[PDB]
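Take a look at the structure set out below.
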Amino acid sequence: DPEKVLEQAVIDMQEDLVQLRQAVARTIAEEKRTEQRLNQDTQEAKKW
Amino acid sequence: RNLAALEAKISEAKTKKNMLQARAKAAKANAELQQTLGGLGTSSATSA
């Protein structure tokens, strides 16, 4: 039956966009985390 | 000498495994983006 399927496909898409938003946010954490390290790390070289 | 060496060995063994684990986990997360994008909407919604 048509309406059921067509709406269901649309419903799936609403999940998907949230999943990829998580992955983006996760990636923002990776950049933040590496910045945090690299910034300090380069100073540690100076300290020693 | 055995201790000082062992301590350095331990220290880096741990740290390398941790940052490897982190980059491995991040790498599979990036691959999971490509896989979930490969979960394309070009699907049986068309059939509905």
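If you read the sequences in order, they're chains A and B. Here the first sequence stands for residues 24 to 71, where the numbers follow full-length UniProt numbering. Here the second sequence stands for residues 120 to 167, where the numbers follow full-length UniProt numbering. By construction, the Cβ of each residue, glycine as well, lies at the ideal position given by its N, Cα and C atoms.
Subject >> Proximal residues, the region 124 to 156 of chain B versus chain A, C-beta separation under 7 Å >> reply: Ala145, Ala148, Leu152, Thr155
Subject >> Short Cβ contact (8 Å threshold) for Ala148/B with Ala52/A >> reply: If you number the second sequence from 1, residue 148/B lands on position 29. If you number the first sequence from 1, residue 52/A lands on position 29. Cβ distance not < 8 Å, so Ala148/B and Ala52/A don't count as in contact.
Original post:
If you draw a straight line from the alpha carbon of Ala123/B to that of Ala68/A, how long is it in whole angstroms?
Top reply: Residue mapping note: residue 123/B aligns to position 4 of the second sequence, counting from 1. Residue mapping note: residue 68/A aligns to position 45 of the first sequence, counting from 1. Their Cα atoms are separated by approximately 21 Å.
Original post:
Checking contacts by CB at 8 Å: is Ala68/A closer than that to chain B?
Top reply: Position 45 of the first sequence, counted from the first residue, corresponds to residue 68/A. Closer than 8 Å: no.
**OP:** Would you identify the three-state DSSP class for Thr50/A, choosing helix, strand or coil?
**Re:** For the purposes of this step, residue 50/A is identified with residue 27 of the first sequence, where counting begins at 1. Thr50/A: helix per DSSP, three-state reduction.
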